[PDB]
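See below for the structure under consideration.
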Amino acid sequence: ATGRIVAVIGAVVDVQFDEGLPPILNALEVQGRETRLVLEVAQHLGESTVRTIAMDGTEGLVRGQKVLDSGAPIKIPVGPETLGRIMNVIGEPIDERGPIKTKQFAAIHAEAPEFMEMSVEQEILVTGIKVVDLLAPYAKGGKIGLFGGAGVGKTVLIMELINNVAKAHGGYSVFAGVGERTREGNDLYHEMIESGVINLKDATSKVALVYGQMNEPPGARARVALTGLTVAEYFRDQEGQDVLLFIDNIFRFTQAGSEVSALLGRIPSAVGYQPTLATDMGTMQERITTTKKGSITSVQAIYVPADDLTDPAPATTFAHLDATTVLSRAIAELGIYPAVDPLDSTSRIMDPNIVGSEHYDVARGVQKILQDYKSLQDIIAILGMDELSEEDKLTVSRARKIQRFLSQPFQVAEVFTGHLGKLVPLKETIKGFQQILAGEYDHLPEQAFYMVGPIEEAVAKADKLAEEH
Amino acid sequence: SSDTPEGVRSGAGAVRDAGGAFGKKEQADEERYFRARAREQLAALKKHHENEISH
Amino acid sequence: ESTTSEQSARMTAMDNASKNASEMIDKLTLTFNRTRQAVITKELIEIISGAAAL
Amino acid sequence: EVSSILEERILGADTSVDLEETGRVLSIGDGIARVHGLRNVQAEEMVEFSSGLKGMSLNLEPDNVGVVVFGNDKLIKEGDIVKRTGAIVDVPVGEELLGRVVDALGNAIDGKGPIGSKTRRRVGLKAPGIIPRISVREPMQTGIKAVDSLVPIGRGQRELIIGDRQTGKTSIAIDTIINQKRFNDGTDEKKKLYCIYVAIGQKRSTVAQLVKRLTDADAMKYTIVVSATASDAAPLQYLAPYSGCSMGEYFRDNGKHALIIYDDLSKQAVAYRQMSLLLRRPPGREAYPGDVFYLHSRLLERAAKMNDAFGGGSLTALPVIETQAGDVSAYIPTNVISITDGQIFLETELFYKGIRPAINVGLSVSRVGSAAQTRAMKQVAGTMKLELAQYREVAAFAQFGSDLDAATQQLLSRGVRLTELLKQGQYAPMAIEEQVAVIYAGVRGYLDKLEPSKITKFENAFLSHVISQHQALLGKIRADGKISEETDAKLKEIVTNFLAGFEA
Amino acid sequence: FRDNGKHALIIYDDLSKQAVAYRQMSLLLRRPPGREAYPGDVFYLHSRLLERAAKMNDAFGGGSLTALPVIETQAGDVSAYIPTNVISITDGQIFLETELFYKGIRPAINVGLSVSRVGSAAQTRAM
Ligand SMILES: Nc1ncnc2c1ncn2[C@@H]1O[C@H](COP(=O)(O)OP(=O)(O)OP(=O)(O)O)[C@@H](O)[C@H]1O
Ligand SMILES: Nc1ncnc2c1ncn2[C@@H]1O[C@H](COP(=O)(O)OP(=O)(O)O)[C@@H](O)[C@H]1O
Ligand SMILES: [Mg+2]
Ligand SMILES: [Mg+2]
């Protein structure tokens with residue numbers, strides 16, 4: 001059923017039909033272009049007039065171009081053949097290696113599973129990072145969030161969990177990149193050929209990739225995250241494997257819908273977002289779940305705008321996350337890397353019936369001596385360090401060794417540092433922190449714990465500093 | 001202000017988060033004091049006798 | 001005599017450091033209250049102007 | 001016999017024809033349909049479209065009618081048929097709902113079976129006036145040692161649980177459901193309590209973890225849970241607070257007692273703001289409409305303590321409110337503060353300093369006062385409240401204090417040891433007779449020589465003693481209600497016998 | 001220059017007045033004003049400008065293009081609307097501080113805050 005274009009303002013194109021009206025959330029093909037331009041229906045306006053949003057640019061559009069209809073939403077190709085390929089929002093391959101040849105096509109708009117299709121079991125997934133496994137443990141099949149501002153390490157910490165977790169994992173893996181720099185989608189395609197995860201010669205790859213970056217029109221940065229978790233829904237449902245899912249960034253799903261909003265005819269809410277902010281967020285975040293047919297681990301990076309966690313876009317994602325890892329610029333400007341805030345990160349399995357009673361009284365023993373270190377800094381600013389008593393000159397020196405011991409040299413940050421990549425196991429992280437608290441290392445300076453692995457290297461680094469006096 | 005739940009009240013750790021004069025005077029006093037304790041704990045760490053026999 | 005001379009001047013010099021810090025704490029309370037009202041006023045105009053032009 | 005029950009339903013189904021008062025659709029977009037026609041619809045009346053979704057008509061305009069949609073608008077095309085039902089929204093209510101999971105409209109989502117409730121009730125009813133009420137006197141037992149000592153709750157009071165994210169606001173209102181098991185299996189009919197829990201905009205996996213927590217403690221045979229989650233439509237998170245008071249007023253109307261928990265009310269003002277600004281209503285402060293005070297007032301005023309001429313029922317309401325950065329001077333944290341009676345203010349600083357549950361008793365109040373405490377708890381906690389309040393004056397001298405008066409050293413010594421009695425693990429609610437004994441051990445002076453780190457180990461040792469070896473004293477404070485002169489001496493040698501040989 | 005082997009360099013001085021002049025051109029077309037009356041898509045304004053400053057490979061020519069946009073801030077506020085849209089696009093920062101200027105270090109560069117991705121450590125071999 002053909003239709004004409006009657007208005008173009010920005011990225012919002014109005015299309016008047018005559019005899020057959022397509023429903024909301026469909027695909028319309030603009031005839032007359034050399035490229036493929038797909039329009040997605042968003043509203044009805046009466047007298048057979050819809051109002052659409054454009055997936056590509058709108059330059060060179062004229063009033064009267066005949067527009068076809070599909071009868072179905074954006075059906076991307078899906079299957080086992082899409083592994084090791086980069087694809088577009090509408091399913092075209094942009095790796096320039098040929099057509100994706102598969103048998104299953106699947107729409108990106110689908111429902112959420114019901115209440116009696118949820119799973120209830122909890123586990124612990126070990127990573128190897130000392131701050132994460134001690135104070136805020138992650139979980140298999142659980143949604144994980146990476147907060148923090150701009151330029152603190154959200155892309156590197158999400159590059160670390162592809163390094164550790166994704167090669168030791170059995171099943172497949174999906175990376176959706178939404179609204180980030182087009183350079184950094186090339187340092188992933190060239191750090192996954194030389195590690196053999198993407199293979200360009202046969203059929204043994206384990207990673208798919210979906211990319212819509214920050215050069216796209218704002219109608220195309222808000223349907224890419226729905227295209228990421230459509231491929232990752234095929235593996236969980238039509239197959240049975242354990243899937244991972246990495247999403248960076250996800251603040252650019254909310255922001256890209258706050259730009260097409262005022263031309264669709266909506267009054268703005270608080271500080272500038274759309275009125276339907278917490279409904280379409282909660283419509284995407286209810287498909288990333290662990291059901292009774294599979295399990296989806298999911299790590300997500302969440303940009304916090306100008307270091308304010310009370311902004312309405314990051315402060316409504318908290319209801320959808322089990323483990324939050326709040327990064328901070330006040331730690332990163334000390335040199336403590338990864339800058340994870342210990343007094344602001346939580347988990348749902350910090351529970352002495354799940355992690356055992358020995359891990360539990362160590363975690364709260366670390367936060368209690370760090371929070372009591374905070375209230376002591378208010379005295380040193382007026383009194384000084386030396387005028388304190390000898391009893392709280394010790395709880396400072398125990399706290400400063402706990403701050404520095406949490407910082408671990410990462411593997412993918414070798415070109416920044418030159419240091420080597422360490423991976424401390426779970427049983428050693430607890431035993432390292434019992435001995436600083438009990439007082440078994442009061443004879444070492446603070447520098448012996450900076451950027452080390454296990455506690456064994458904390459004394460080997462202590463003697464090597466001594467001899468150069 | 002503070003003599004009600006409504007008004008602004010100050011918490012623990014608010015001199016360092018401000019980052020002013022007293023917030024900088026506190027960071028350079030925790031470092032110039034614990035620099036000398038990396039001297040006395042490292043000079044007495046060379047007094048291991050087994051290392052001297054190796055020397 | 002010197003530990004009485006010192007311990008009385010610690011009493012006075014810690015007293016004027018709480019008068020000057022309470023004199024400073026009222027002047028920042030008025031500026032906090034002018035600025036708290038001015039932000040509710042400012043972001044109210046942006047919603048009204050956004051709806052009127054629509 | 002699976003084929004027989006399916007053949008049974010379709011002959012028992014009603015296939016009869018009727019009339020209607022339909023009207024075509026003009027413009028569907030973002031969940032607000034405009035319908036032309038429907039010339040005899042009342043305000044807030046439920047209609048239903050041609051696909052199967054239902055709709056509630058909020059705007060009665062001259063040439064059209066604005067009807068919100070209970071679903072998703074991809075099934076609504078321009079040119080459909082909007083039939084009329086002819087009735088305002090009504091929920092099933094009764095005794096049969098006890099132990100089920102329901103959505104905002106009374107359907108069953110747990111998959112056990114349909115509700116067999118024979119009654120039906122509107123959601124837009126009014127509060128009782130001034131005459132059918134009476135003052136609150138009976139205690140509502142929470143089971144937290146800091147709530148029942150310093151900020152009590154009567155049976156008809158509204159008490160607000162206010163605090164930031166991740167500070168145990170849901171956990172305080174989840175052991176208050178567990179604690180009423182000891183009365184709900186007994187014989188005394190006027191001491192039972194019934195709990196309702198409303199989840200407004202949470203993910204489905206969290207509600208599936210909380211039903212299993214209440215199934216483990218055998219506390220889902222007297223509890224109803226109303227779940228309007230995050231994925232469900234914007235008006236279903238608006239009805240769901242008013243679909244729970246209508247199930248908590250059937251127990252108030254019939255001489256019984258009840259409890260309700262809104263988790264949380266700060267996600268209802270957001271799901272209602274979206275419905276306003278899409279219906280083109282004049283905004284206000286922080287883009288909320290002019291009647292968000294009228295939205296929360298007529299929900300909390302339905303909690304009342306009825307008198308004996310009407311039945312003697314009750315309804316107790318605990319709303320949860322999430323602040324942002326501890327600023328209670330926002331729009332919605334000041335509406336619900338001025339409506340209710342007292343607040344419980346959970347901070348985040350005390351949560352990491354070791355105080356768990358992290359109730360700040362400096363800012364928490366209750367304006368029914370001491371008239372909701374039993375006679376045993378009132379006698380010891382009246383001095384504890386005065387003792388703790390003298391400690392919070394001198395808390396700023398603890399970091400550098402050794403050159404102070406012996407009264408001030410004593411005031412610090414009792415304040416630390418009274419604090420350790422207030423800490424409590426999760427999912428362990430106590431009894432009032434065991435609560436008054438632990439406070440009596442501390443406020444008299446029987447702990448000023450024990451080391452401050454041992455006050456937790458001493459308490460768990462002492463409680464397991466008096467359950468097995470002094471059971472006949474904790475039946476003469478439970479049944480008596482007060483603590484007499486005979487029990488004052490009998491408790492006095494008990495804590496002196498245990499303290500003498502303790503350290504072993 | 002980028003498509004034909006050679007190298008280039010472009011300086012936008014500055015990108016704040018390129019948004020004050022896009023606000024006024026878009027208000028008079030009767031379009032609804034957003035935050036601080038800026039239009040709804042002042043992210044898509046700059047994020048398609050700075051996304052064309054690429055560096056190509058030898059199968060497409062090997063030429064490059066390097067940008068250096070300038071942003072003006074109002075009294076040290078690096079948390080405003082436009083000075084934070086661009087910071088999440090670029091690769092580094094050079095924070096000039098007026099507190100360092102009158103003290104005497106010129107060019108006043110806050111070396112503690114002026115970060116940059118080094119570029120696969122392609123500084124040089126001698127420095
Ligand atoms: N008394 C307690 N002692 C120790 N830990 C507790 C206690 N109560 C709750 N917690 C822990 O605090 C964590 C979060 O608590 P809870 O979810 O009740 O807070 P909340 O603020 O209601 O959550 P939300 O912010 O999602 O509403 C839980 O993991 C729980 O284990
Ligand atoms: N392992 C690490 N620890 C601490 N900082 C890091 C690490 N890796 C990178 N960084 C710093 O983080 C900054 C931003 O890195 P990146 O994660 O790519 O950006 P963003 O987090 O803003 O997406 C870089 O300037 C770099 O100095
Ligand atoms: Mg990034
Ligand atoms: Mg909670």
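Ordering of the structure tokens sets the chain letters (A, B, ...); residue numbers start at 1 within each chain; ligands are numbered from 1 in the order shown.
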
**Study point:** Env. residues ligand 2 / 10 Å / only C-alpha atoms and all ligand atoms / as a ChimeraX atom specification
**Key:** /A:146-160,180-181,184,248-249,301-303,327,331-333,335-340,407-417 /E:87-93,114-118

Restricting it to C-alpha atoms, dump the selection as a PDB file, in the first residue's frame.
ATOM      1  CA  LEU A 146      28.981   0.127  35.801  1.00  0.00           C
ATOM      2  CA  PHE A 147      28.366   3.719  36.850  1.00  0.00           C
ATOM      3  CA  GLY A 148      30.639   6.758  36.913  1.00  0.00           C
ATOM      4  CA  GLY A 149      31.298   9.956  34.990  1.00  0.00           C
ATOM      5  CA  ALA A 150      33.254  10.679  31.813  1.00  0.00           C
ATOM      6  CA  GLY A 151      36.850   9.504  31.656  1.00  0.00           C
ATOM      7  CA  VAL A 152      37.150   7.234  34.704  1.00  0.00           C
ATOM      8  CA  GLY A 153      37.345   3.801  33.097  1.00  0.00           C
ATOM      9  CA  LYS A 154      33.954   2.396  32.097  1.00  0.00           C
ATOM     10  CA  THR A 155      35.136   1.188  28.688  1.00  0.00           C
ATOM     11  CA  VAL A 156      38.341  -0.371  30.029  1.00  0.00           C
ATOM     12  CA  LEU A 157      36.613  -2.200  32.882  1.00  0.00           C
ATOM     13  CA  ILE A 158      34.101  -3.545  30.360  1.00  0.00           C
ATOM     14  CA  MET A 159      37.065  -4.504  28.165  1.00  0.00           C
ATOM     15  CA  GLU A 160      38.511  -6.441  31.101  1.00  0.00           C
ATOM     16  CA  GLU A 180      30.070   5.672  21.322  1.00  0.00           C
ATOM     17  CA  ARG A 181      33.138   6.611  19.290  1.00  0.00           C
ATOM     18  CA  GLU A 184      36.606   2.198  19.561  1.00  0.00           C
ATOM     19  CA  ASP A 248      28.266   0.293  26.235  1.00  0.00           C
ATOM     20  CA  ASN A 249      26.864   2.839  26.394  1.00  0.00           C
ATOM     21  CA  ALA A 301      28.150   0.751  31.318  1.00  0.00           C
ATOM     22  CA  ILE A 302      26.007   3.702  32.409  1.00  0.00           C
ATOM     23  CA  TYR A 303      27.227   7.258  31.841  1.00  0.00           C
ATOM     24  CA  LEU A 327      33.185   4.445  39.821  1.00  0.00           C
ATOM     25  CA  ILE A 331      39.461   7.978  43.834  1.00  0.00           C
ATOM     26  CA  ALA A 332      40.918   8.027  40.292  1.00  0.00           C
ATOM     27  CA  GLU A 333      42.715  11.308  41.018  1.00  0.00           C
ATOM     28  CA  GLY A 335      46.132   6.967  41.438  1.00  0.00           C
ATOM     29  CA  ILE A 336      43.999   4.131  42.804  1.00  0.00           C
ATOM     30  CA  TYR A 337      43.011   2.095  39.761  1.00  0.00           C
ATOM     31  CA  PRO A 338      40.302   0.745  39.175  1.00  0.00           C
ATOM     32  CA  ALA A 339      38.590   3.637  40.914  1.00  0.00           C
ATOM     33  CA  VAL A 340      35.692   1.746  42.474  1.00  0.00           C
ATOM     34  CA  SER A 407      44.237  -1.301  43.318  1.00  0.00           C
ATOM     35  CA  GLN A 408      45.254  -4.061  40.909  1.00  0.00           C
ATOM     36  CA  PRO A 409      47.219  -3.846  37.632  1.00  0.00           C
ATOM     37  CA  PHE A 410      44.877  -4.759  34.796  1.00  0.00           C
ATOM     38  CA  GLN A 411      45.822  -6.787  31.733  1.00  0.00           C
ATOM     39  CA  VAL A 412      44.390  -4.657  28.916  1.00  0.00           C
ATOM     40  CA  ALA A 413      45.928  -1.551  30.487  1.00  0.00           C
ATOM     41  CA  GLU A 414      49.492  -2.680  29.760  1.00  0.00           C
ATOM     42  CA  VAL A 415      50.075   0.065  27.186  1.00  0.00           C
ATOM     43  CA  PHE A 416      49.174   2.666  29.806  1.00  0.00           C
ATOM     44  CA  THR A 417      51.289   1.133  32.547  1.00  0.00           C
TER      45      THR A 417
ATOM     46  CA  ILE E  87      33.919  16.184  26.602  1.00  0.00           C
ATOM     47  CA  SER E  88      32.215  12.815  26.093  1.00  0.00           C
ATOM     48  CA  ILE E  89      33.114  12.975  22.368  1.00  0.00           C
ATOM     49  CA  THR E  90      36.781  14.029  22.224  1.00  0.00           C
ATOM     50  CA  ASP E  91      39.853  11.933  23.079  1.00  0.00           C
ATOM     51  CA  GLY E  92      41.739  14.240  25.443  1.00  0.00           C
ATOM     52  CA  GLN E  93      41.538  17.507  27.351  1.00  0.00           C
ATOM     53  CA  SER E 114      44.892  17.448  31.397  1.00  0.00           C
ATOM     54  CA  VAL E 115      44.547  13.809  30.355  1.00  0.00           C
ATOM     55  CA  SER E 116      44.873  12.280  26.891  1.00  0.00           C
ATOM     56  CA  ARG E 117      44.763   8.876  25.316  1.00  0.00           C
ATOM     57  CA  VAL E 118      48.340   8.624  24.108  1.00  0.00           C
TER      58      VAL E 118
END

Review point. Counting only C-alpha atoms and all ligand atoms, which protein, DNA or RNA residues come within 7 Å of ligand 4, given as JSON, numbers by chain?
Key: {"D": [166, 168, 169, 170]}

Please dump the current selection as a PDB file, in the first residue's frame; keep N, CA, C and O atoms.
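After the write, result-v6.pdb holds the following:
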ATOM      1  N   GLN D 166      19.035   1.903  48.870  1.00  0.00           N
ATOM      2  CA  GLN D 166      19.866   0.822  49.420  1.00  0.00           C
ATOM      3  C   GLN D 166      20.222   1.039  50.891  1.00  0.00           C
ATOM      4  O   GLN D 166      21.392   1.025  51.274  1.00  0.00           O
ATOM      5  N   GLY D 168      17.825  -0.458  53.432  1.00  0.00           N
ATOM      6  CA  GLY D 168      16.963  -1.310  54.218  1.00  0.00           C
ATOM      7  C   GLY D 168      15.588  -0.742  54.480  1.00  0.00           C
ATOM      8  O   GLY D 168      15.069  -0.861  55.589  1.00  0.00           O
ATOM      9  N   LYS D 169      14.981  -0.123  53.468  1.00  0.00           N
ATOM     10  CA  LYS D 169      13.601   0.322  53.602  1.00  0.00           C
ATOM     11  C   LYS D 169      12.634  -0.816  53.314  1.00  0.00           C
ATOM     12  O   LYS D 169      11.588  -0.925  53.954  1.00  0.00           O
ATOM     13  N   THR D 170      12.964  -1.668  52.344  1.00  0.00           N
ATOM     14  CA  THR D 170      12.140  -2.841  52.076  1.00  0.00           C
ATOM     15  C   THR D 170      12.298  -3.896  53.161  1.00  0.00           C
ATOM     16  O   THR D 170      11.347  -4.623  53.457  1.00  0.00           O
TER      17      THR D 170
END

Review point. Got a sec: who's within 10 Å of residue B:16, counting only C-alpha atoms, leaving out chain neighbours fewer than 2 positions off, as a PyMOL selection string?
Key: (chain A and resi 330+374+377-378+381) or (chain B and resi 12-14+18-27)

Counting only C-alpha atoms and all ligand atoms, name the residues that have an atom within 7 Å of an atom of ligand 1; the answer should be given as a CSV table (one decimal) with N, CA, C and O atoms, in the first residue's frame.
chain,number,residue,atom,x,y,z
A,319,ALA,N,16.7,0.5,39.8
A,319,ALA,CA,15.7,-0.5,40.1
A,319,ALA,C,15.8,-1.7,39.2
A,319,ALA,O,15.2,-2.7,39.5
A,347,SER,N,25.5,-5.3,46.4
A,347,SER,CA,25.1,-6.5,45.7
A,347,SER,C,23.9,-7.2,46.4
A,347,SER,O,23.7,-6.9,47.6
A,348,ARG,N,23.2,-8.1,45.7
A,348,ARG,CA,22.1,-8.7,46.3
A,348,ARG,C,22.5,-10.0,47.0
A,348,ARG,O,21.7,-10.6,47.7
A,349,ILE,N,23.7,-10.5,46.7
A,349,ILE,CA,24.2,-11.7,47.3
A,349,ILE,C,25.3,-11.5,48.4
A,349,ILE,O,25.9,-12.5,48.8
A,350,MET,N,25.5,-10.3,48.8
A,350,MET,CA,26.3,-10.1,50.0
A,350,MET,C,25.4,-10.5,51.2
A,350,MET,O,24.7,-9.8,51.7
A,351,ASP,N,25.6,-11.8,51.5
A,351,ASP,CA,24.6,-12.5,52.3
A,351,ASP,C,25.4,-13.7,53.0
A,351,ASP,O,25.9,-14.6,52.3
D,164,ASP,N,17.2,7.1,51.7
D,164,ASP,CA,17.8,7.0,50.3
D,164,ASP,C,17.7,5.6,49.7
D,164,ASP,O,17.0,4.8,50.2
D,165,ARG,N,18.4,5.4,48.6
D,165,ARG,CA,18.5,4.1,48.0
D,165,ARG,C,19.4,3.2,48.8
D,165,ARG,O,20.4,3.6,49.4
D,166,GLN,N,19.0,1.9,48.9
D,166,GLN,CA,19.9,0.8,49.4
D,166,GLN,C,20.2,1.0,50.9
D,166,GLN,O,21.4,1.0,51.3
D,167,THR,N,19.2,1.2,51.7
D,167,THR,CA,19.4,1.4,53.2
D,167,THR,C,18.4,0.6,54.0
D,167,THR,O,18.2,0.9,55.2
D,168,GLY,N,17.8,-0.5,53.4
D,168,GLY,CA,17.0,-1.3,54.2
D,168,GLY,C,15.6,-0.7,54.5
D,168,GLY,O,15.1,-0.9,55.6
D,169,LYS,N,15.0,-0.1,53.5
D,169,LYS,CA,13.6,0.3,53.6
D,169,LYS,C,12.6,-0.8,53.3
D,169,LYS,O,11.6,-0.9,54.0
D,170,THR,N,13.0,-1.7,52.3
D,170,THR,CA,12.1,-2.8,52.1
D,170,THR,C,12.3,-3.9,53.2
D,170,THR,O,11.3,-4.6,53.5
D,171,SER,N,13.5,-4.0,53.8
D,171,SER,CA,13.7,-5.0,54.8
D,171,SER,C,13.0,-4.7,56.1
D,171,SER,O,12.7,-5.7,56.8
D,172,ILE,N,12.8,-3.4,56.5
D,172,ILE,CA,12.1,-3.1,57.7
D,172,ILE,C,10.6,-3.5,57.5
D,172,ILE,O,9.9,-4.0,58.4
D,356,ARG,N,23.1,-1.4,62.2
D,356,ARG,CA,22.1,-2.0,61.3
D,356,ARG,C,21.0,-2.7,62.1
D,356,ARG,O,21.3,-3.6,63.0
D,357,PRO,N,19.8,-2.3,62.0
D,357,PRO,CA,19.1,-1.3,61.1
D,357,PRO,C,19.5,0.1,61.4
D,357,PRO,O,19.5,0.5,62.6
D,424,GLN,N,20.5,-5.3,65.2
D,424,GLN,CA,19.7,-6.5,65.1
D,424,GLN,C,19.9,-7.1,63.7
D,424,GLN,O,20.0,-6.3,62.7
D,425,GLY,N,20.1,-8.4,63.6
D,425,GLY,CA,20.3,-9.1,62.3
D,425,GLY,C,19.0,-9.1,61.5
D,425,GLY,O,17.9,-8.8,62.0
D,426,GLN,N,19.1,-9.5,60.2
D,426,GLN,CA,18.0,-9.5,59.3
D,426,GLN,C,17.2,-10.8,59.5
D,426,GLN,O,17.7,-11.8,59.8

**Study point:** 7 Å contact set for stretch 232-249 of chain D, only C-alpha atoms, chain neighbours under 6 positions out, as a PyMOL selection string
**Key:** chain D and resi 70-71+91+93+104+121+123+198+200-201+258+262+268+271-272+299+315

Exercise for review: Can you pull out every residue within 9 Å of residue E:14, counting only C-alpha atoms, but drop anything in the same chain fewer than 5 positions away, and send it as an NGL selection string?
Suggested key: :E and (69-72)

Excluding residue A:203 and any residue of its chain fewer than 2 positions from it, enumerate the residues within 10 Å of it, using only C-alpha atoms, and give them as a CSV table (one decimal) with N, CA and C atoms, in the first residue's frame.
chain,number,residue,atom,x,y,z
A,80,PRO,N,22.9,-19.0,13.7
A,80,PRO,CA,24.3,-19.3,14.1
A,80,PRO,C,25.3,-18.6,13.1
A,81,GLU,N,24.8,-18.2,11.9
A,81,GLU,CA,25.7,-17.7,10.9
A,81,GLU,C,26.1,-16.3,11.1
A,83,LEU,N,27.7,-15.1,13.6
A,83,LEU,CA,28.8,-15.0,14.5
A,83,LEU,C,30.1,-14.5,13.8
A,84,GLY,N,30.7,-13.5,14.4
A,84,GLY,CA,31.9,-13.0,13.8
A,84,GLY,C,31.6,-11.9,12.7
A,198,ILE,N,37.3,-13.8,17.2
A,198,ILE,CA,36.8,-13.7,15.8
A,198,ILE,C,37.7,-14.4,14.9
A,199,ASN,N,37.2,-15.3,14.1
A,199,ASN,CA,38.0,-16.0,13.1
A,199,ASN,C,37.5,-15.8,11.7
A,200,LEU,N,38.4,-15.3,10.8
A,200,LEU,CA,38.0,-14.9,9.5
A,200,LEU,C,38.2,-16.0,8.4
A,201,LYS,N,38.4,-17.2,8.8
A,201,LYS,CA,38.8,-18.3,7.9
A,201,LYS,C,37.9,-19.5,8.0
A,205,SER,N,33.9,-19.1,15.3
A,205,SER,CA,33.9,-17.9,16.1
A,205,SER,C,32.8,-17.9,17.2
A,206,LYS,N,33.0,-17.0,18.2
A,206,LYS,CA,32.1,-17.1,19.4
A,206,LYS,C,31.5,-15.8,19.8
